[PDB]
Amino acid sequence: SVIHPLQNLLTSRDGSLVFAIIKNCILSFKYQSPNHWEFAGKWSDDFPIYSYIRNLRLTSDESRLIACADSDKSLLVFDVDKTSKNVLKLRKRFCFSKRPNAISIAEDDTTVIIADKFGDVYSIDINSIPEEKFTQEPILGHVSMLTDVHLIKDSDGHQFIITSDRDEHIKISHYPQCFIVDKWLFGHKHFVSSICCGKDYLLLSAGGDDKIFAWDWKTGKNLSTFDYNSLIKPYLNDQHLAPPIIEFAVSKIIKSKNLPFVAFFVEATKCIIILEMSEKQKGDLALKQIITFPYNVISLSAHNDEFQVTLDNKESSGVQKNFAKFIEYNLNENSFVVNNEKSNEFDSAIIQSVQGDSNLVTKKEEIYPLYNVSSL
């Protein structure tokens, strides 16, 4: 009997609401420090074949939560009761022909940008009634597999959508005038898996390459690159052995909200690497810290100035622990440190939220595949 590892966390803006993906389910927990975790409901997807749930996102007013269901190629929209015992109420399911892969909410806070597996991008008004048969053309498209979407805005309030793909492209298009490609960012030799947007047109991108890329996206200029090869080398294992030799990929790159820090993780390693963003010369990166964990990092998230991590603890022994870690910045020590109490209580809250459920607690081989970015 093992509990399915957590696929992702999403923390509300104040910190009191945390959402977690496990298999085809979303668990909500309410939080009050120091370290009090209260179960706040379980939603399960009731539709080889793995019913993935992905891309948890809260609207700006946090009234609603959106996500993608693979079973259904759908955009789930939930109502969020900050007071209820069960916090999530599934109220809509927008279905698509190909399964969503990445999403972003528009500035209007009502339009959702869906990027699908096949390279098309759609927009959806979440207020509208789900059409039984889907009938609208892509807003733009690539002929390669889409990897990430971000709505973004220049100083003048002009909107752009940034899409990245399996064929090393980072495309910047006008929005809503999506028939107009603004430019591409050129530099990646390998698929790009992840982008995050910074201050003053700073963009950070990563994936199959050996380096993290920094751009000014207005300029389109590649400001610099950070080589992380001599850091993850020791962390590489025989899961980085590539079919009929060393192959590794950044899985996610993410930014602290106020501090000049960026974190990322390489798929199937047991660390996250933290770089500092130069305040002197925009785009310049330097190593700040590496944090190691008892298991492989499976997801990386940020809440304000703290990072959360989720781990593959499929193979623990006795009492299953270490499902997630909360890393906080210590101004005194000038360093990032795990918050063991809050993490440990979370493990406790997870164990008791989930037991009974034969779906979530199950055989080790009945656990959804957890390492899916190498397949690019």
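The first residue of the shown sequence is 1; numbering continues from there.
According to the entry, the stretch of the deposited sequence that connects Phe47 to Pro48 contains 10 or more residues lacking coordinates, which leaves a long gap in the model. In this crystal structure, the stretch out of 345-353 and 51-59 whose C-alpha atoms carry the higher mean B factor is 345-353. When the two stretches 10-18 and 364-372 are set side by side, the higher mean Cα temperature factor goes to 364-372. Within the listed group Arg99, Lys218, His150, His188, the record reports its top CA B-factor for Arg99.
Ranking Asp81, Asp210, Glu276, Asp200 by Cα temperature factor from the entry places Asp81 first. Sorting the modelled residues of the chain by their CA temperature factor places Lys252 in the lowest third.
Per the deposited record, the Cα B-factor of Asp120 falls in the lowest third when ranked against the other modelled residues of its chain.
For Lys42, the recorded CA B-factor ranks within the highest third of the chain. Only modelled residues enter the ranking. Ranked by Cα temperature factor within the chain, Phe264 sits in the lowest third according to the deposited record. In the PDB entry, a CA B factor belonging to the lowest third of its chain's modelled residues is recorded for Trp184.
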